[PDB]
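To keep things clear, I will list the structure first and then write my remarks on it.
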Amino acid sequence: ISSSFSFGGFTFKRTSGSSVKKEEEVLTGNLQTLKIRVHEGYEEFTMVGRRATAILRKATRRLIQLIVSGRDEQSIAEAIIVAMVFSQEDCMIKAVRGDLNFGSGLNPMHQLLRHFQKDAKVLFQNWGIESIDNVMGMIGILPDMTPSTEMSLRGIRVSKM
Ligand SMILES: CN1CN([C@@H]2O[C@H](COP(=O)(O)OP(=O)(O)OP(=O)(O)O)[C@@H](O)[C@H]2O)c2nc(N)[nH]c(=O)c21
C-alpha cells in the first residue's frame, strides 16, 4: 500500500490511517463497467500542487472532508476534481457521461480523471450539497464555484490558509 505518491498532478502524503486494496467492478453513469482497485480504510492525506494545496480525509469510497486552498477558482476546482476522483465515490463514477475510451497507459482512475478535467459540470451538479456550520477559517463552495457561508459541496471547504 502506498503512503507517498503522485496522482492527478498532486503529491499525496498519508498523515494517518491505513487501507487495503480490493479489485471491484463499478458501473459508470453510461452503464460502462470499469475494474478499479478500491481502497478500504480511513486515511488522511496532504495534497500539494503548484496552484493548490489541501487536506483530504477519506474512507472506503467516501470523501469525508477536503479543505482546499488555491491561487484562483480554476486551481481550486482542479484540486476538488482530483479529490473527488481519488475518493472513488460511486457518486463520481455515476457522474460520467458517455464512454470512457481507451488510451495507452491510462488505467480507469486516470480515465476518470481525464474525463472530469475536460468538463466537471455534471460531477459538480450531482455530488451533493450540505448546510455548513460557520467554522473559523473556512467557507463553503457551491457547484458553480461561488462562495457560501451557509452551504457547500458535500465535504468540501475552502481555506485562505
Ligand atoms: C484511491 N487511492 C489510490 N491510491 C494510490 O494512488 C496511487 C496512484 O494511483 P494510480 O496512478 O491509479 O496508480 P498506479 O501507481 O498507476 O497504479 P494503481 O492505481 O493500480 O495502484 C496508487 O498507488 C494507488 O494505490 C491510494 N493510496 C491510498 N493509501 N489510499 C487510497 O485511498 C488510494
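Starting from 1 in every chain, residues are counted up; chains themselves are A, B, ... following the order of the C-alpha cells, and ligands are numbered from 1 as listed.
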### Task
Set the cut-off to 9 Å, count only C-alpha atoms and all ligand atoms, and list whatever residues fall near ligand 1 as a PyMOL selection string.
chain A and resi 1-8+12-14+17-21+36-45+58-61+85-88+105-110
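Residues surrounding residue A:123 within 10 Å are residues 81, 84, 85, 91, 92, 93, 94, 95, 96, 97, 116, 119, 120, 126, 127, 128 and 143 of chain A [only C-alpha atoms; sequence separation below 3 positions excluded].
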### Message
Nearest residue to residue A:69 out of A:139, A:30, A:150, A:57, using only C-alpha atoms?
### Response
A:139
### Query
Residues of chain A in alpha helix (DSSP H) according to DSSP, as a VMD selection string?
chain A and resid 73 to 87 90 to 93 108 to 118 121 to 126
Written selection (N, CA, C and O atoms) as a short mmCIF file (atom, residue, chain, number, x, y, z; two decimals), in the first residue's frame:
```cif
data_model
loop_
_atom_site.label_atom_id
_atom_site.label_comp_id
_atom_site.auth_asym_id
_atom_site.auth_seq_id
_atom_site.Cartn_x
_atom_site.Cartn_y
_atom_site.Cartn_z
N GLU A 73 -9.94 30.40 -8.83
CA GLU A 73 -11.12 29.50 -8.94
C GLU A 73 -10.79 28.26 -9.70
O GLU A 73 -11.16 27.14 -9.24
N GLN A 74 -10.14 28.33 -10.81
CA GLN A 74 -9.85 27.21 -11.66
C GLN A 74 -8.87 26.24 -10.90
O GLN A 74 -9.04 25.05 -10.99
N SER A 75 -7.91 26.80 -10.16
CA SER A 75 -6.94 25.96 -9.48
C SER A 75 -7.64 25.20 -8.37
O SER A 75 -7.28 24.01 -8.16
N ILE A 76 -8.54 25.84 -7.61
CA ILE A 76 -9.28 25.21 -6.56
C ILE A 76 -10.18 24.10 -7.19
O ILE A 76 -10.20 22.96 -6.67
N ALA A 77 -10.85 24.39 -8.28
CA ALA A 77 -11.66 23.37 -8.93
C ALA A 77 -10.82 22.17 -9.32
O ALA A 77 -11.26 21.03 -9.20
N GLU A 78 -9.62 22.39 -9.89
CA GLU A 78 -8.76 21.29 -10.26
C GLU A 78 -8.48 20.37 -9.07
O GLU A 78 -8.48 19.13 -9.22
N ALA A 79 -8.17 20.93 -7.91
CA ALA A 79 -7.91 20.14 -6.72
C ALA A 79 -9.19 19.36 -6.28
O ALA A 79 -9.10 18.18 -5.88
N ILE A 80 -10.33 20.01 -6.34
CA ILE A 80 -11.58 19.35 -5.97
C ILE A 80 -11.84 18.18 -6.87
O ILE A 80 -12.21 17.08 -6.39
N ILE A 81 -11.65 18.33 -8.16
CA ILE A 81 -11.88 17.21 -9.10
C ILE A 81 -10.98 16.05 -8.76
O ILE A 81 -11.40 14.87 -8.69
N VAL A 82 -9.68 16.30 -8.53
CA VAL A 82 -8.77 15.19 -8.24
C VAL A 82 -9.19 14.49 -6.96
O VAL A 82 -9.18 13.27 -6.90
N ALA A 83 -9.56 15.25 -5.93
CA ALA A 83 -10.05 14.64 -4.72
C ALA A 83 -11.31 13.79 -4.87
O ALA A 83 -11.43 12.71 -4.33
N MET A 84 -12.24 14.32 -5.67
CA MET A 84 -13.48 13.57 -5.94
C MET A 84 -13.19 12.23 -6.64
O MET A 84 -13.75 11.21 -6.33
N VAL A 85 -12.30 12.27 -7.65
CA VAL A 85 -11.91 11.03 -8.34
C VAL A 85 -11.21 10.08 -7.40
O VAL A 85 -11.52 8.91 -7.29
N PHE A 86 -10.19 10.61 -6.67
CA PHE A 86 -9.40 9.82 -5.78
C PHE A 86 -10.25 9.13 -4.73
O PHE A 86 -9.97 8.02 -4.27
N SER A 87 -11.34 9.80 -4.30
CA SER A 87 -12.22 9.20 -3.28
C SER A 87 -12.84 7.92 -3.70
O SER A 87 -13.26 7.14 -2.86
N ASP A 90 -18.97 6.28 -5.51
CA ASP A 90 -19.87 5.88 -6.60
C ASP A 90 -20.61 7.06 -7.22
O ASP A 90 -20.85 7.03 -8.41
N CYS A 91 -20.83 8.10 -6.40
CA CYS A 91 -21.37 9.32 -6.89
C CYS A 91 -20.61 9.91 -8.08
O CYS A 91 -21.18 10.40 -9.03
N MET A 92 -19.30 9.83 -8.00
CA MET A 92 -18.39 10.31 -9.00
C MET A 92 -18.38 9.34 -10.22
O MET A 92 -18.44 9.84 -11.35
N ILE A 93 -18.34 8.02 -10.00
CA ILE A 93 -18.41 7.10 -11.12
C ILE A 93 -19.72 7.28 -11.89
O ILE A 93 -19.73 7.25 -13.12
N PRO A 108 -8.21 2.89 -15.26
CA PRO A 108 -9.56 3.53 -15.14
C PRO A 108 -9.63 4.77 -14.26
O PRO A 108 -10.34 5.70 -14.53
N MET A 109 -8.79 4.80 -13.21
CA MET A 109 -8.71 6.02 -12.41
C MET A 109 -8.30 7.24 -13.20
O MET A 109 -8.76 8.34 -13.04
N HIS A 110 -7.29 7.04 -14.10
CA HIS A 110 -6.87 8.12 -14.96
C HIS A 110 -7.84 8.39 -16.09
O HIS A 110 -7.97 9.54 -16.49
N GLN A 111 -8.58 7.38 -16.53
CA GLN A 111 -9.69 7.65 -17.48
C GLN A 111 -10.74 8.57 -16.89
O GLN A 111 -11.18 9.55 -17.44
N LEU A 112 -11.00 8.31 -15.60
CA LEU A 112 -11.99 9.15 -14.89
C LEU A 112 -11.49 10.53 -14.69
O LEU A 112 -12.16 11.49 -14.93
N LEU A 113 -10.26 10.57 -14.21
CA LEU A 113 -9.58 11.77 -14.05
C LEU A 113 -9.64 12.71 -15.31
O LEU A 113 -10.04 13.84 -15.23
N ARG A 114 -9.27 12.22 -16.52
CA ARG A 114 -9.24 12.82 -17.84
C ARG A 114 -10.63 13.29 -18.20
O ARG A 114 -10.82 14.35 -18.75
N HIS A 115 -11.61 12.44 -17.93
CA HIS A 115 -12.99 12.76 -18.26
C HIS A 115 -13.46 14.05 -17.55
O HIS A 115 -14.00 15.01 -18.12
N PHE A 116 -13.24 14.05 -16.22
CA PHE A 116 -13.73 15.18 -15.42
C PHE A 116 -12.92 16.47 -15.47
O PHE A 116 -13.51 17.55 -15.37
N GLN A 117 -11.62 16.31 -15.77
CA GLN A 117 -10.86 17.54 -16.10
C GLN A 117 -11.29 18.18 -17.41
O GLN A 117 -11.22 19.37 -17.50
N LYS A 118 -11.86 17.44 -18.34
CA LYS A 118 -12.42 18.03 -19.55
C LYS A 118 -13.63 18.89 -19.25
O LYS A 118 -13.82 20.00 -19.74
N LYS A 121 -18.87 19.85 -14.97
CA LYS A 121 -20.17 20.37 -14.59
C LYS A 121 -21.16 19.31 -14.07
O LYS A 121 -21.86 19.56 -13.09
N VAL A 122 -21.19 18.13 -14.70
CA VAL A 122 -22.09 17.08 -14.26
C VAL A 122 -21.65 16.56 -12.91
O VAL A 122 -22.48 16.33 -11.99
N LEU A 123 -20.33 16.36 -12.71
CA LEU A 123 -19.81 15.94 -11.43
C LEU A 123 -20.23 16.90 -10.36
O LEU A 123 -20.75 16.49 -9.30
N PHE A 124 -20.00 18.19 -10.53
CA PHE A 124 -20.34 19.19 -9.52
C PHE A 124 -21.80 19.32 -9.21
O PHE A 124 -22.20 19.59 -8.12
N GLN A 125 -22.62 19.14 -10.28
CA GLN A 125 -24.06 19.25 -10.10
C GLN A 125 -24.68 18.06 -9.39
O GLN A 125 -25.75 18.23 -8.78
N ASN A 126 -24.02 16.92 -9.41
CA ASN A 126 -24.58 15.71 -8.88
C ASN A 126 -23.86 15.14 -7.70
O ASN A 126 -24.33 14.18 -7.18
#
```
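In this model, the gap between atom CA of residue A:136 and atom CA of residue A:50 comes to 25.3 Å.
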### Message
as a PyMOL selection string, please: every residue in stretch 14-91 of chain A that DSSP puts in strand (DSSP E).
### Response
chain A and resi 14-17+20-27+33-40+43-48+52-59+62-70
### Task
Would you list the contacts of stretch 154-158 of chain A as a ChimeraX atom specification, taking every protein, DNA or RNA residue within 6 Å and counting only C-alpha atoms, but skipping same-chain residues closer than 5 positions in sequence?
/A:64-69,128-130,138-140
